[PDB]
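Q: Let me give you the structure first, and then I'll get to my questions.
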Amino acid sequence: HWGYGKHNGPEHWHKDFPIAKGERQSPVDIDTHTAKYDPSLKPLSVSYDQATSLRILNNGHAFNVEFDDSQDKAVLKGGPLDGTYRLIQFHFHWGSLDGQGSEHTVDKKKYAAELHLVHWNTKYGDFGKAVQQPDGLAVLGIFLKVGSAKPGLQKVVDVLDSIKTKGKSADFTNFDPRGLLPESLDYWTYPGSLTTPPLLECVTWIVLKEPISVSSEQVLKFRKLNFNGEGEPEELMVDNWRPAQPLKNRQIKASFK
Ligand SMILES: NS(=O)(=O)/N=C1/NCCO1
Ligand SMILES: [Zn+2]
């Protein structure tokens, strides 16, 4: 199926998923001089104090930390958003080397990794219905640079040995995603898509300006995961990012002056 290799990676996805060449694909390069401060942006609200994490899964493309989204427990509101968006999962994209890994870029700069906190608009009832809507999803994107360790990441790092291969999962209750956030909530926003197949154009992207720092040891452990299943030849899970796509008829707005 689809993946990140030379024979099934981003250059091939359009054959099964023609929206790959659509009008609102993600990620994009964020040209900081072209982005415009938007005074209509209401304050952003990240309310994760009641989050209920459940499980961590290696899905063959990345690992997902999944949340109970059966009630408004961890929600995103404000900023460009109308209404309430419920956290369903987070995951990362990362590189083989520290100089690449992020999906979005900032003035063409690539970060070592990028965290995506995925939320769905509660007006549509379920995630599956939300992904049939142009305002179905909101993804909070956070860049990772290598420097000092991120303490709130370490519990994720330490469980990765138990989900090495595709299809493995582990309990991952009582994880607090507040520990993955930078100090500032300044952000850029634009309308886009999922960055993995099926590449659906349902996402309001909110990309924080401030990266979090993680240690070289932390990202090195991401790179020991495997794309393959148990019993198959080892394919390290690295370079699971889609490059920047054409901006087309979009404007990136900044929340900050
Ligand atoms: N990288 S991404 O756009 O968050 N992609 C997905 N796919 C399912 C939900 O999030
Ligand atoms: Zn993602």
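Note on naming: chains are A, B, ... as they come in the structure tokens, residues start from 1 per chain, ligands start from 1 in the order shown.
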Find the residues near ligand 2. Use a cut-off of 9 Å, count only C-alpha atoms and all ligand atoms, and write them as a list in words.
A: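 Those residues are residues 62, 90, 91, 92, 93, 103, 114, 115, 116, 117, 118, 139, 141, 194, 195, 196 and 241 of chain A.
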Q: Which residues of stretch 26-93 of chain A come within 10 Å of stretch 228-237 of chain A, and what is each one's closest atom pair and distance in Å (one decimal), counting only C-alpha atoms, sorted by chain and residue number, as a Markdown table?
A:
| residue | atom | partner | partner_atom | distance |
| --- | --- | --- | --- | --- |
| A:58 | CA | A:229 | CA | 9.5 |
| A:59 | CA | A:228 | CA | 9.5 |
| A:60 | CA | A:228 | CA | 6.4 |
| A:61 | CA | A:237 | CA | 7.4 |
| A:62 | CA | A:237 | CA | 7.4 |
| A:63 | CA | A:237 | CA | 9.8 |
| A:93 | CA | A:237 | CA | 9.7 |
Q: Could you jot down the atom CA of residue A:50 to atom CA of residue A:88 separation for me, Å, one decimal place?
A: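 Separation of atom CA of residue A:50 and atom CA of residue A:88: 13.0 Å.
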Q: With only C-alpha atoms as the counted atoms, please give the residues lying no more than 9 Å from residue A:253, apart from itself and same-chain residues fewer than 2 positions off, as a PDB file with N, CA, C and O atoms, in the first residue's frame.
A:
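So the final result, stored in part.pdb, reads:
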ATOM      1  N   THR A  34       5.502  36.665   4.032  1.00  0.00           N
ATOM      2  CA  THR A  34       4.218  36.746   3.295  1.00  0.00           C
ATOM      3  C   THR A  34       3.004  36.506   4.167  1.00  0.00           C
ATOM      4  O   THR A  34       1.919  37.009   3.912  1.00  0.00           O
ATOM      5  N   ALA A  35       3.177  35.781   5.260  1.00  0.00           N
ATOM      6  CA  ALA A  35       2.059  35.578   6.182  1.00  0.00           C
ATOM      7  C   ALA A  35       1.665  36.903   6.777  1.00  0.00           C
ATOM      8  O   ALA A  35       2.518  37.801   6.932  1.00  0.00           O
ATOM      9  N   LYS A  36       0.418  37.101   7.041  1.00  0.00           N
ATOM     10  CA  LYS A  36      -0.116  38.388   7.520  1.00  0.00           C
ATOM     11  C   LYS A  36      -0.747  38.224   8.876  1.00  0.00           C
ATOM     12  O   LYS A  36      -1.526  37.288   9.103  1.00  0.00           O
ATOM     13  N   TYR A  37      -0.428  39.136   9.814  1.00  0.00           N
ATOM     14  CA  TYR A  37      -1.111  39.173  11.102  1.00  0.00           C
ATOM     15  C   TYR A  37      -2.599  39.392  10.872  1.00  0.00           C
ATOM     16  O   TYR A  37      -2.977  40.276  10.069  1.00  0.00           O
ATOM     17  N   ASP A  38      -3.414  38.600  11.550  1.00  0.00           N
ATOM     18  CA  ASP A  38      -4.880  38.688  11.433  1.00  0.00           C
ATOM     19  C   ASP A  38      -5.499  39.120  12.772  1.00  0.00           C
ATOM     20  O   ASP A  38      -5.603  38.295  13.688  1.00  0.00           O
ATOM     21  N   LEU A  41      -8.445  36.946  14.442  1.00  0.00           N
ATOM     22  CA  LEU A  41      -8.224  35.669  15.140  1.00  0.00           C
ATOM     23  C   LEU A  41      -8.521  35.812  16.577  1.00  0.00           C
ATOM     24  O   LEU A  41      -8.195  36.787  17.203  1.00  0.00           O
ATOM     25  N   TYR A 187       0.905  31.376  16.624  1.00  0.00           N
ATOM     26  CA  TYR A 187       0.731  30.382  15.580  1.00  0.00           C
ATOM     27  C   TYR A 187       0.516  31.012  14.208  1.00  0.00           C
ATOM     28  O   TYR A 187       0.153  32.201  14.100  1.00  0.00           O
ATOM     29  N   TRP A 188       0.675  30.178  13.201  1.00  0.00           N
ATOM     30  CA  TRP A 188       0.229  30.435  11.855  1.00  0.00           C
ATOM     31  C   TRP A 188      -0.946  29.478  11.567  1.00  0.00           C
ATOM     32  O   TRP A 188      -0.985  28.353  12.058  1.00  0.00           O
ATOM     33  N   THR A 189      -1.861  29.920  10.695  1.00  0.00           N
ATOM     34  CA  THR A 189      -2.995  29.051  10.328  1.00  0.00           C
ATOM     35  C   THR A 189      -3.323  29.186   8.853  1.00  0.00           C
ATOM     36  O   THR A 189      -3.193  30.260   8.259  1.00  0.00           O
ATOM     37  N   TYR A 190      -3.768  28.072   8.289  1.00  0.00           N
ATOM     38  CA  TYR A 190      -4.240  28.042   6.892  1.00  0.00           C
ATOM     39  C   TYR A 190      -5.094  26.829   6.711  1.00  0.00           C
ATOM     40  O   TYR A 190      -5.012  25.860   7.494  1.00  0.00           O
ATOM     41  N   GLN A 251      -3.809  31.870   1.769  1.00  0.00           N
ATOM     42  CA  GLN A 251      -3.089  32.863   2.553  1.00  0.00           C
ATOM     43  C   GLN A 251      -2.863  32.260   3.938  1.00  0.00           C
ATOM     44  O   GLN A 251      -3.748  31.630   4.558  1.00  0.00           O
ATOM     45  N   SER A 255      -1.065  34.783  14.112  1.00  0.00           N
ATOM     46  CA  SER A 255      -1.796  35.250  15.287  1.00  0.00           C
ATOM     47  C   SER A 255      -1.088  36.356  16.046  1.00  0.00           C
ATOM     48  O   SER A 255      -1.630  36.877  17.035  1.00  0.00           O
TER      49      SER A 255
END
Q: Quick one: residues within 9 Å of stretch 71-79 of chain A, only C-alpha atoms counted, chain neighbours fewer than 2 positions away excluded, as number ranges by chain?
A: A: 40-52, 67-69, 81-88, 119, 122, 138, 140, 187, 189, 206, 255
Q: Taking the DSSP secondary structure from the backbone, can you list the residues of stretch 2-221 of chain A that are strand (DSSP E or B), as a ChimeraX atom specification?
A: /A:29-30,36-37,44-47,53-58,63-67,75-78,85-94,105-106,109,113-121,137-146,169-171,187-192,203-208,212-214
Q: Which of these residues is nearest to ligand 1, using only C-alpha atoms and all ligand atoms: A:22, A:136, A:3, A:198?
A: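 Going through A:22, A:136, A:3, A:198 one by one, the smallest distance to ligand 1 is for A:198.
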Q: Taking only C-alpha atoms into account, which of A:33, A:155, A:178, A:145 comes nearest residue A:214?
A: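 Under the stated criterion, the closest residue is A:145.
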Q: Have a look at atom CA of residue A:156 and atom CA of residue A:106 and let me know their distance in Å, one decimal.
A: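 That distance, rounded to one decimal, is 26.2 Å.
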Q: So that I can see what lies close to residue A:96, please list as a list in words the residues with an atom at most 8 Å from it, counting only C-alpha atoms and leaving out residues fewer than 6 positions away in the same chain.
A: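 The filter keeps residues 223, 238 and 239 of chain A.
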Q: So which one's closest to residue A:100, A:129, A:242, A:123, A:21? Using only C-alpha atoms, please.
A: A:242
Q: When you look at residue A:57 with a cut-off of 10 Å (counting only C-alpha atoms), what residues show up, excluding the ones that are within fewer than 6 positions of it in the same chain? I need them as a list in words.
A: residues 63, 64, 65, 66, 91, 160, 162, 163, 164, 165, 166, 167, 168, 169, 170, 171 and 172 of chain A
Q: For C-alpha atoms, I'd like the residues from the last selection saved as a PDB file, in the first residue's frame.
A:
ATOM      1  CA  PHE A  63       2.948   5.725  16.080  1.00  0.00           C
ATOM      2  CA  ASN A  64      -0.326   7.135  17.350  1.00  0.00           C
ATOM      3  CA  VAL A  65      -1.128   7.979  20.955  1.00  0.00           C
ATOM      4  CA  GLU A  66      -4.909   7.599  21.090  1.00  0.00           C
ATOM      5  CA  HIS A  91       1.667  11.363  16.279  1.00  0.00           C
ATOM      6  CA  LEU A 160       8.639   2.596  21.940  1.00  0.00           C
ATOM      7  CA  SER A 162       7.251  -2.356  23.165  1.00  0.00           C
ATOM      8  CA  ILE A 163       5.697  -1.229  19.839  1.00  0.00           C
ATOM      9  CA  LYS A 164       8.695  -1.733  17.563  1.00  0.00           C
ATOM     10  CA  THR A 165       6.848  -3.213  14.585  1.00  0.00           C
ATOM     11  CA  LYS A 166       3.721  -2.533  12.600  1.00  0.00           C
ATOM     12  CA  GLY A 167       0.532  -3.603  14.344  1.00  0.00           C
ATOM     13  CA  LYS A 168       1.945  -3.639  17.894  1.00  0.00           C
ATOM     14  CA  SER A 169       0.215  -1.579  20.542  1.00  0.00           C
ATOM     15  CA  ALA A 170       0.593  -0.961  24.269  1.00  0.00           C
ATOM     16  CA  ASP A 171      -1.384   0.576  27.097  1.00  0.00           C
ATOM     17  CA  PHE A 172      -0.719   4.251  27.357  1.00  0.00           C
TER      18      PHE A 172
END
